[PDB]
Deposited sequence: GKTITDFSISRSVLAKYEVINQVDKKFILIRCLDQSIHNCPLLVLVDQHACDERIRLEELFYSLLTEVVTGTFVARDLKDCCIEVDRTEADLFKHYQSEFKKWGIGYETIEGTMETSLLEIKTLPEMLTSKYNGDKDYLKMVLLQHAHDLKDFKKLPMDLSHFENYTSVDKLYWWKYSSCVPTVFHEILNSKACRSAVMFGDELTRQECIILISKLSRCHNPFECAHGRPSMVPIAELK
């Protein structure tokens, strides 16, 4: 069997590096024999820590969903007014929303009765029926418009990133904000040992080259 040569070059880059030290309390300076295309790289400490945290959160979320252990907290006094086309869309995707803890029933002018929600979404919603409708509609439309593929549980190691694309936008935004807020900031003091641990964890990431908001985590400076 054959593969594509360019896929392995990115992974091998970060494995051939060593930490020099923290720079301007914002970056981690790293250094790369066999330096044909690869020397000095400045890593944003915030972006780095945020990426480590994001993939831990994404692994926990998809492990819970794939194994059917994802918590679905019961919700009371939650009925949202929907159009006929909206009710049809929700009736069609009821089985798909159940996978993410979003449990509902379609009445009839029609009304969407939300029975259960994941803890993550219960927090974000905070009684706002308008927000919850908009958020559930966004996913239903994403599925309908082939922007999001449905969660296939026919397959069952758990490689979370193979199911990363199925994750609804609202869950993605929550996980990005949680990882961002938990991460080390600019101006924060890091010891050389702390920098070594961060770059070590980063090199084991599925996507070490960007932060939680699609911007680079590092820049070459040599």
query: Missing stretches, numbered from 1 on the deposited chain sequence and kept in order; finding: 33 to 34, 41, 112 to 115, 164 to 170, 237 to 239
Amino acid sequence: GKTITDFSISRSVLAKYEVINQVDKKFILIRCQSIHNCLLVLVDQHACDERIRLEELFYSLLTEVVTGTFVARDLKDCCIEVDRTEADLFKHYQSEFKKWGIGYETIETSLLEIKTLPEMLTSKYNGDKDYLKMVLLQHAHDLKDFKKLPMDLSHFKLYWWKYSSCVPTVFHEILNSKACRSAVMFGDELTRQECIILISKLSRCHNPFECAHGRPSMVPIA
From here on, numbers count along this sequence of modelled residues.
| query | finding |
| --- | --- |
| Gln33: gap in at least one third of other compared structures | yes |
| Average Cα temperature factor in the PDB entry - higher stretch of 203 to 211, 6 to 14 | 6 to 14 |
| Mean Cα B-factor comparison, 23 to 31 or 158 to 166, giving the higher one as deposited | 158 to 166 |
| Given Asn176, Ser182, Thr63, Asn37, the residue at which the Cα B factor reaches its maximum | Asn37 |
| From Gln94, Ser110, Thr122, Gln138, residue of greatest CA B-factor | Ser110 |
